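For reference, input_29.tsv is printed below; it contains TSV, C-alpha atoms and all ligand atoms.
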chain	number	residue	atom	x	y	z
A	1	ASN	CA	-28.61	77.20	97.93
A	2	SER	CA	-25.02	75.98	98.18
A	3	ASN	CA	-24.40	73.03	100.51
A	4	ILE	CA	-21.03	74.25	101.75
A	5	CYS	CA	-19.87	77.40	103.54
A	6	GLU	CA	-18.86	80.15	101.12
A	7	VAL	CA	-15.89	81.07	103.28
A	8	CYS	CA	-14.32	77.84	104.56
A	9	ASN	CA	-15.83	75.45	101.97
A	10	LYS	CA	-17.06	72.95	104.58
A	11	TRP	CA	-20.55	71.58	105.27
A	12	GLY	CA	-22.19	71.93	108.70
A	13	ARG	CA	-24.79	74.13	110.37
A	14	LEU	CA	-25.26	76.52	107.44
A	15	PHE	CA	-27.31	79.69	107.01
A	16	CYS	CA	-28.72	80.32	103.54
A	17	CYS	CA	-28.97	83.67	101.81
A	18	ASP	CA	-32.43	84.57	100.53
A	19	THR	CA	-31.25	86.74	97.65
A	20	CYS	CA	-28.48	84.45	96.41
A	21	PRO	CA	-27.41	80.79	96.57
A	22	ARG	CA	-24.52	81.28	99.05
A	23	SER	CA	-24.48	79.61	102.49
A	24	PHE	CA	-22.47	80.36	105.64
A	25	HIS	CA	-21.44	79.02	109.01
A	26	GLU	CA	-22.67	81.42	111.68
A	27	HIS	CA	-19.25	82.86	112.52
A	28	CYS	CA	-17.73	82.51	109.05
A	29	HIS	CA	-20.04	85.25	107.79
A	30	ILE	CA	-19.01	88.79	108.73
A	31	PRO	CA	-20.79	90.14	110.58
A	32	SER	CA	-21.94	86.93	112.30
A	33	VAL	CA	-25.23	85.80	110.74
A	34	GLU	CA	-28.06	87.88	112.18
A	35	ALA	CA	-30.77	86.16	114.22
A	36	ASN	CA	-33.54	88.29	112.70
A	37	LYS	CA	-36.47	86.64	110.89
A	38	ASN	CA	-37.12	86.32	107.16
A	39	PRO	CA	-35.57	87.35	105.04
A	40	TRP	CA	-31.77	87.56	105.25
A	41	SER	CA	-29.24	88.78	102.71
A	42	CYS	CA	-25.53	87.92	102.97
A	43	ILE	CA	-22.77	90.52	102.75
A	44	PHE	CA	-22.14	89.77	99.04
A	45	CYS	CA	-25.73	90.81	98.30
A	46	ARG	CA	-25.58	93.84	100.57
A	47	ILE	CA	-22.39	95.01	98.89
A	48	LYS	CA	-23.96	94.37	95.48
A	49	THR	CA	-26.99	96.48	96.46
A	50	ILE	CA	-24.72	99.39	97.45
A	51	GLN	CA	-22.84	99.24	94.17
A	52	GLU	CA	-26.04	99.11	92.09
A	53	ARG	CA	-27.75	101.98	93.91
A	54	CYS	CA	-24.76	104.19	93.15
A	55	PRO	CA	-23.21	103.11	89.84
A	56	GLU	CA	-20.75	106.00	89.92
A	57	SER	CA	-19.17	104.56	93.07
A	58	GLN	CA	-17.37	102.22	90.67
A	59	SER	CA	-15.39	105.11	89.15
A	60	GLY	CA	-11.72	105.37	90.15
A	61	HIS	CA	-10.65	106.67	93.57
A	62	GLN	CA	-7.36	107.74	95.18
A	63	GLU	CA	-6.23	105.40	97.99
A	64	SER	CA	-5.40	108.43	100.16
A	65	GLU	CA	-9.01	109.65	99.96
A	66	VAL	CA	-10.39	106.18	100.69
A	67	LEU	CA	-8.24	105.74	103.79
A	68	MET	CA	-9.37	109.04	105.31
A	69	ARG	CA	-13.07	108.11	105.11
A	70	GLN	CA	-14.90	107.88	108.42
A	71	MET	CA	-16.30	104.45	109.26
A	72	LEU	CA	-19.94	105.23	108.48
A	73	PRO	CA	-22.19	102.15	108.00
A	74	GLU	CA	-21.33	101.64	104.30
A	75	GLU	CA	-17.57	101.91	104.91
A	76	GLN	CA	-17.94	99.61	107.92
A	77	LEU	CA	-19.70	97.12	105.64
A	78	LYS	CA	-17.03	97.30	102.95
A	79	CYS	CA	-14.28	96.62	105.50
A	80	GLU	CA	-16.24	93.64	106.89
A	81	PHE	CA	-16.50	92.34	103.32
A	82	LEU	CA	-12.79	92.87	102.60
A	83	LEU	CA	-11.91	91.00	105.81
A	84	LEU	CA	-14.23	88.15	104.82
A	85	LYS	CA	-12.60	87.90	101.38
A	86	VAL	CA	-9.25	87.32	103.13
A	87	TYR	CA	-10.78	84.58	105.31
A	88	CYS	CA	-12.10	83.01	102.08
A	89	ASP	CA	-8.55	82.00	101.19
A	90	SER	CA	-7.43	78.81	102.93
A	91	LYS	CA	-3.98	80.32	103.60
A	92	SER	CA	-5.71	82.75	105.94
A	93	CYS	CA	-5.45	80.05	108.64
A	94	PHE	CA	-1.81	81.07	109.25
A	95	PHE	CA	-2.89	84.62	110.14
A	96	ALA	CA	-6.17	84.02	111.98
A	97	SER	CA	-5.12	83.43	115.60
A	98	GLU	CA	-2.64	85.05	118.00
A	99	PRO	CA	0.94	84.34	116.86
A	100	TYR	CA	4.05	83.67	118.92
A	101	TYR	CA	7.67	84.33	118.11
A	102	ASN	CA	10.61	82.20	119.17
A	103	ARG	CA	12.98	81.71	116.28
A	104	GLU	CA	16.77	81.68	116.38
A	105	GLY	CA	18.03	84.98	115.00
A	106	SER	CA	14.67	86.80	114.97
A	107	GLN	CA	12.83	89.08	117.39
A	108	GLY	CA	9.03	89.19	117.45
A	109	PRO	CA	7.24	92.30	116.15
A	110	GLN	CA	6.59	95.26	118.45
A	111	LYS	CA	2.90	95.17	117.57
A	112	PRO	CA	1.54	91.67	116.86
A	113	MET	CA	-1.65	91.55	114.79
A	114	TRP	CA	-3.90	88.75	113.51
A	115	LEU	CA	-7.20	88.42	111.65
A	116	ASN	CA	-9.41	87.41	114.60
A	117	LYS	CA	-8.22	90.53	116.42
A	118	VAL	CA	-9.17	92.72	113.45
A	119	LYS	CA	-12.52	90.91	113.33
A	120	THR	CA	-13.16	91.70	116.98
A	121	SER	CA	-12.02	95.32	116.51
A	122	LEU	CA	-14.52	95.71	113.67
A	123	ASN	CA	-17.30	94.10	115.69
A	124	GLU	CA	-16.69	96.46	118.61
A	125	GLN	CA	-16.57	99.50	116.28
A	126	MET	CA	-13.00	100.36	117.28
A	127	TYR	CA	-11.99	101.85	113.93
A	128	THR	CA	-13.07	105.45	113.27
A	129	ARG	CA	-11.62	105.59	109.74
A	130	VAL	CA	-10.88	103.10	106.97
A	131	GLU	CA	-7.19	103.84	107.59
A	132	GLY	CA	-7.21	102.11	110.98
A	133	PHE	CA	-8.59	98.89	109.52
A	134	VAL	CA	-6.26	98.90	106.51
A	135	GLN	CA	-3.20	99.61	108.67
A	136	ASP	CA	-3.94	96.66	110.99
A	137	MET	CA	-4.46	94.35	107.98
A	138	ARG	CA	-1.21	95.42	106.29
A	139	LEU	CA	0.60	95.09	109.64
A	140	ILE	CA	-0.29	91.38	109.74
A	141	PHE	CA	1.66	90.67	106.57
A	142	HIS	CA	4.49	93.12	107.24
A	143	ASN	CA	5.11	91.53	110.66
A	144	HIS	CA	5.24	88.12	108.97
A	145	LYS	CA	7.72	89.23	106.31
A	146	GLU	CA	10.05	90.90	108.81
A	147	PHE	CA	10.02	87.92	111.18
A	148	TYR	CA	10.56	85.00	108.81
A	149	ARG	CA	13.07	86.93	106.69
A	150	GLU	CA	14.55	84.55	104.15
A	151	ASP	CA	12.66	81.41	105.20
A	152	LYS	CA	10.45	80.38	102.28
A	153	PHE	CA	7.55	80.60	104.75
A	154	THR	CA	7.65	84.35	104.08
A	155	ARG	CA	5.83	83.62	100.83
A	156	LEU	CA	2.59	82.89	102.70
A	157	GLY	CA	2.49	86.51	103.85
A	158	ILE	CA	3.06	87.71	100.30
A	159	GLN	CA	0.29	85.46	98.95
A	160	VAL	CA	-2.38	86.44	101.46
A	161	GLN	CA	-1.41	90.12	101.25
A	162	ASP	CA	-1.93	89.95	97.47
A	163	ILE	CA	-5.46	88.67	98.17
A	164	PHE	CA	-6.08	91.55	100.57
A	165	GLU	CA	-4.76	94.21	98.18
A	166	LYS	CA	-6.63	92.93	95.10
A	167	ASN	CA	-9.89	92.92	97.03
A	168	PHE	CA	-9.15	96.31	98.55
A	169	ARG	CA	-8.66	97.78	95.10
A	170	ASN	CA	-11.84	96.11	93.83
A	171	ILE	CA	-14.16	96.82	96.74
A	172	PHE	CA	-13.08	100.43	97.17
A	173	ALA	CA	-12.77	101.03	93.41
A	174	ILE	CA	-9.20	102.33	93.50
A	175	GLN	CA	-8.18	104.01	90.24
A	176	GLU	CA	-6.47	101.56	87.89
A	177	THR	CA	-2.83	102.39	87.14
A	201	LIG	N1	-16.34	94.23	88.20
A	201	LIG	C1	-17.56	93.78	88.90
A	201	LIG	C2	-18.16	94.86	89.74
A	201	LIG	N2	-17.54	95.74	90.45
A	201	LIG	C3	-18.55	96.50	91.00
A	201	LIG	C4	-18.31	97.64	91.89
A	201	LIG	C5	-19.24	98.67	91.97
A	201	LIG	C6	-19.03	99.75	92.80
A	201	LIG	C7	-17.88	99.81	93.57
A	201	LIG	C8	-16.95	98.80	93.50
A	201	LIG	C9	-17.16	97.72	92.66
A	201	LIG	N3	-19.73	96.12	90.64
A	201	LIG	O1	-19.49	95.00	89.80
A	202	ZN	ZN	-17.46	78.25	107.22
A	203	ZN	ZN	-26.43	86.60	99.17

Whole structure given in structure tokens:
Amino acid sequence: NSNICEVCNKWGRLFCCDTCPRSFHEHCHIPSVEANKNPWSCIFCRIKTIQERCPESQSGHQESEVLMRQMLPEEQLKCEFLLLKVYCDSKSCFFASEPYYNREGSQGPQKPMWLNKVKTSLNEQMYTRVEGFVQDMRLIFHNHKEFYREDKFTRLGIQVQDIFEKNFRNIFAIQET
């Protein structure tokens, strides 16, 4: 297995997948690595299994249909995976914890949002449809863009949002256009 965390690329107390060579810190994996006995498969493998069992799930979908899906176990899993893919990017650090807003000539957003809050909302099964999860994720980057305006720091929001949207389109097999 790998000797660094798949998500944050650091060594430490790592948990190894049994069906692939990836390794994870306990709380870098989403969901947090399960304490159940042998064996254990990481979310990459579990997502791969889903895709393989239903090859046609890779055909193109409309975003509108995807967003209205109820958060049944497989949809819950896909959102956990999509969230993890965002954490995999180092620039996710800027969006992980609770933000604060005190900048000359800017007012903070009406509804602050950050990745650890979305992670907790997923863990506590607070989203009933995919739409709720996607809206909170997109809110993170929209808040950032509105607040920093013309400061070049706005680009971080654009970069991490691009990561989110590419993985959304891939994981949920959105029709190519
Ligand atoms: N291109 C690599 C690849 N994508 C998939 C996939 C299967 C079902 C739904 C979404 C994606 N499987 O392999
Ligand atoms: Zn890690
Ligand atoms: Zn694995």

Next on the checklist: Neighbours of ligand ZN 202 (chain A) at 7 Å or closer, counting only C-alpha atoms and all ligand atoms: which residues, as an MDAnalysis selection string?
Outcome noted: chainID A and resid 5:10 24:25 28

Checklist entry - In Å, how far is it from atom CA of residue A:37 to atom CA of residue A:49? => result 19.9 Å

Next on the checklist: I'd like the neighbourhood of stretch 172-174 of chain A as number ranges by chain, where a residue qualifies if any of its atoms comes within 8 Å (using all atoms listed in the file), though same-chain residues fewer than 6 positions away should be ignored.
Outcome noted: A: 57-63, 66, 78

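Nearest to residue A:140 of all the residues A:121, A:161, A:175, A:154 is A:161, based on only C-alpha atoms.
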
Checklist entry - Counting all atoms listed in the file, what residues are within 9 Å of ligand ZN 203 (chain A), given as JSON, numbers by chain? => result {"A": [16, 17, 18, 19, 20, 21, 22, 23, 40, 41, 42, 43, 44, 45, 46, 48]}

Next on the checklist: Quick check, in Å to one decimal: how far apart do atom CA of residue A:51 and atom CA of residue A:4 lie?
Outcome noted: 26.2 Å

Checklist entry - How many Å lie between atom CA of residue A:147 and atom CA of residue A:81, rounded to one decimal? => result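 Atom CA of residue A:147 sits 28.0 Å away from atom CA of residue A:81.
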
Checklist entry - Which residue gives the smallest distance to ligand LIG 201 (chain A) among A:73, A:136, A:52, A:101, with all atoms listed in the file counted? => result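 For ligand LIG 201 (chain A), the nearest of the candidates is A:52.
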
Item to check | Within-6 Å shell of (-12.7, 86.6, 108.3) in input frame, all atoms listed in the file, as a PyMOL selection string | outcome: chain A and resi 83-84+87

Could the centre and edge lengths of an axis-aligned box, enclosing all atoms of ligand LIG 201 (chain A) in the file with 6 Å extra on each side, be given in Å to one decimal as JSON?
{"center_x": -18.0, "center_y": 96.8, "center_z": 90.9, "size_x": 15.4, "size_y": 18.0, "size_z": 17.4}

Checklist entry - Taking (-6.8, 108.8, 104.7) in the file's coordinates, which residues come within 12 Å, counting all atoms listed in the file, written as a VMD selection string? => result chain A and resid 61 to 71 128 to 135

Item to check | Shell of 9 Å around residue A:153, only C-alpha atoms, local chain residues under 5 positions omitted, as a PyMOL selection string | outcome: chain A and resi 144-145+148

Next on the checklist: Between A:54, A:107, A:86, A:79, which residue has the minimum interatomic distance to ligand LIG 201 (chain A), considering only C-alpha atoms and all ligand atoms?
Outcome noted: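 The answer is A:54, which sits nearest to ligand LIG 201 (chain A).
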
Checklist entry - A:111, A:85, A:53, A:155: which is nearest ligand LIG 201 (chain A), counting only C-alpha atoms and all ligand atoms? => result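 Among the listed residues, the smallest separation from ligand LIG 201 (chain A) belongs to A:53.
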
Checklist entry - Excluding same-chain residues fewer than 5 positions from residue A:26, what lies within 7 Å of it counting only C-alpha atoms, as number ranges by chain? => result A: 14-15, 32-33

Checklist outcome for this item: One residue among A:55, A:157, A:105, A:99 is nearest to ligand LIG 201 (chain A) when using only C-alpha atoms and all ligand atoms, and that residue is A:55

Could stretch 111-138 of chain A be completed with N, CA and C atoms and written as a PDB file, in the frame of the given file, please?
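That gives us part-v4.pdb:
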ATOM      1  N   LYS A 111       4.352  95.153 117.537  1.00  0.00           N
ATOM      2  CA  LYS A 111       2.900  95.170 117.570  1.00  0.00           C
ATOM      3  C   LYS A 111       2.314  93.996 116.800  1.00  0.00           C
ATOM      4  N   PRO A 112       2.133  92.857 117.485  1.00  0.00           N
ATOM      5  CA  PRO A 112       1.540  91.670 116.860  1.00  0.00           C
ATOM      6  C   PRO A 112       0.125  91.973 116.390  1.00  0.00           C
ATOM      7  N   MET A 113      -0.309  91.322 115.319  1.00  0.00           N
ATOM      8  CA  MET A 113      -1.650  91.550 114.790  1.00  0.00           C
ATOM      9  C   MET A 113      -2.088  90.267 114.080  1.00  0.00           C
ATOM     10  N   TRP A 114      -3.387  89.987 114.097  1.00  0.00           N
ATOM     11  CA  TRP A 114      -3.900  88.750 113.510  1.00  0.00           C
ATOM     12  C   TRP A 114      -5.364  88.974 113.121  1.00  0.00           C
ATOM     13  N   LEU A 115      -5.887  88.139 112.233  1.00  0.00           N
ATOM     14  CA  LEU A 115      -7.200  88.420 111.650  1.00  0.00           C
ATOM     15  C   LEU A 115      -8.332  88.400 112.689  1.00  0.00           C
ATOM     16  N   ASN A 116      -8.298  87.474 113.646  1.00  0.00           N
ATOM     17  CA  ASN A 116      -9.410  87.410 114.600  1.00  0.00           C
ATOM     18  C   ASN A 116      -9.441  88.660 115.466  1.00  0.00           C
ATOM     19  N   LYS A 117      -8.278  89.267 115.682  1.00  0.00           N
ATOM     20  CA  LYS A 117      -8.220  90.530 116.420  1.00  0.00           C
ATOM     21  C   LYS A 117      -8.832  91.674 115.613  1.00  0.00           C
ATOM     22  N   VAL A 118      -8.532  91.731 114.322  1.00  0.00           N
ATOM     23  CA  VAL A 118      -9.170  92.720 113.450  1.00  0.00           C
ATOM     24  C   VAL A 118     -10.669  92.498 113.375  1.00  0.00           C
ATOM     25  N   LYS A 119     -11.098  91.233 113.358  1.00  0.00           N
ATOM     26  CA  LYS A 119     -12.520  90.910 113.330  1.00  0.00           C
ATOM     27  C   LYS A 119     -13.222  91.436 114.586  1.00  0.00           C
ATOM     28  N   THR A 120     -12.606  91.201 115.731  1.00  0.00           N
ATOM     29  CA  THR A 120     -13.160  91.700 116.980  1.00  0.00           C
ATOM     30  C   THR A 120     -13.162  93.230 117.024  1.00  0.00           C
ATOM     31  N   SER A 121     -12.085  93.850 116.554  1.00  0.00           N
ATOM     32  CA  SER A 121     -12.020  95.320 116.510  1.00  0.00           C
ATOM     33  C   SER A 121     -13.121  95.918 115.632  1.00  0.00           C
ATOM     34  N   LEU A 122     -13.389  95.297 114.490  1.00  0.00           N
ATOM     35  CA  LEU A 122     -14.520  95.710 113.670  1.00  0.00           C
ATOM     36  C   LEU A 122     -15.847  95.550 114.393  1.00  0.00           C
ATOM     37  N   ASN A 123     -16.039  94.392 115.011  1.00  0.00           N
ATOM     38  CA  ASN A 123     -17.300  94.100 115.690  1.00  0.00           C
ATOM     39  C   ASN A 123     -17.588  95.086 116.812  1.00  0.00           C
ATOM     40  N   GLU A 124     -16.536  95.534 117.489  1.00  0.00           N
ATOM     41  CA  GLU A 124     -16.690  96.460 118.610  1.00  0.00           C
ATOM     42  C   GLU A 124     -16.546  97.927 118.177  1.00  0.00           C
ATOM     43  N   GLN A 125     -16.609  98.161 116.865  1.00  0.00           N
ATOM     44  CA  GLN A 125     -16.570  99.500 116.280  1.00  0.00           C
ATOM     45  C   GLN A 125     -15.379 100.315 116.777  1.00  0.00           C
ATOM     46  N   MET A 126     -14.194  99.706 116.762  1.00  0.00           N
ATOM     47  CA  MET A 126     -13.000 100.360 117.280  1.00  0.00           C
ATOM     48  C   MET A 126     -12.286 101.212 116.231  1.00  0.00           C
ATOM     49  N   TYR A 127     -12.608 101.016 114.957  1.00  0.00           N
ATOM     50  CA  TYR A 127     -11.990 101.850 113.930  1.00  0.00           C
ATOM     51  C   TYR A 127     -12.872 103.045 113.585  1.00  0.00           C
ATOM     52  N   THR A 128     -12.308 104.252 113.625  1.00  0.00           N
ATOM     53  CA  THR A 128     -13.070 105.450 113.270  1.00  0.00           C
ATOM     54  C   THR A 128     -12.922 105.815 111.787  1.00  0.00           C
ATOM     55  N   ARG A 129     -11.831 105.372 111.166  1.00  0.00           N
ATOM     56  CA  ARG A 129     -11.620 105.590 109.740  1.00  0.00           C
ATOM     57  C   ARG A 129     -11.134 104.318 109.072  1.00  0.00           C
ATOM     58  N   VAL A 130     -11.332 104.244 107.762  1.00  0.00           N
ATOM     59  CA  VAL A 130     -10.880 103.100 106.970  1.00  0.00           C
ATOM     60  C   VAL A 130      -9.389 102.835 107.187  1.00  0.00           C
ATOM     61  N   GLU A 131      -8.636 103.910 107.365  1.00  0.00           N
ATOM     62  CA  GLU A 131      -7.190 103.840 107.590  1.00  0.00           C
ATOM     63  C   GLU A 131      -6.783 102.907 108.730  1.00  0.00           C
ATOM     64  N   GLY A 132      -7.545 102.926 109.819  1.00  0.00           N
ATOM     65  CA  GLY A 132      -7.210 102.110 110.980  1.00  0.00           C
ATOM     66  C   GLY A 132      -7.302 100.634 110.641  1.00  0.00           C
ATOM     67  N   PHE A 133      -8.364 100.272 109.928  1.00  0.00           N
ATOM     68  CA  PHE A 133      -8.590  98.890 109.520  1.00  0.00           C
ATOM     69  C   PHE A 133      -7.515  98.454 108.535  1.00  0.00           C
ATOM     70  N   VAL A 134      -7.252  99.276 107.519  1.00  0.00           N
ATOM     71  CA  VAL A 134      -6.260  98.900 106.510  1.00  0.00           C
ATOM     72  C   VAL A 134      -4.866  98.795 107.130  1.00  0.00           C
ATOM     73  N   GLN A 135      -4.517  99.700 108.041  1.00  0.00           N
ATOM     74  CA  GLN A 135      -3.200  99.610 108.670  1.00  0.00           C
ATOM     75  C   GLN A 135      -3.015  98.313 109.468  1.00  0.00           C
ATOM     76  N   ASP A 136      -4.027  97.905 110.233  1.00  0.00           N
ATOM     77  CA  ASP A 136      -3.940  96.660 110.990  1.00  0.00           C
ATOM     78  C   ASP A 136      -3.796  95.455 110.051  1.00  0.00           C
ATOM     79  N   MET A 137      -4.544  95.448 108.948  1.00  0.00           N
ATOM     80  CA  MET A 137      -4.460  94.350 107.980  1.00  0.00           C
ATOM     81  C   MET A 137      -3.073  94.260 107.352  1.00  0.00           C
ATOM     82  N   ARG A 138      -2.551  95.394 106.888  1.00  0.00           N
ATOM     83  CA  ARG A 138      -1.210  95.420 106.290  1.00  0.00           C
ATOM     84  C   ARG A 138      -0.105  95.074 107.300  1.00  0.00           C
TER      85      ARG A 138
END
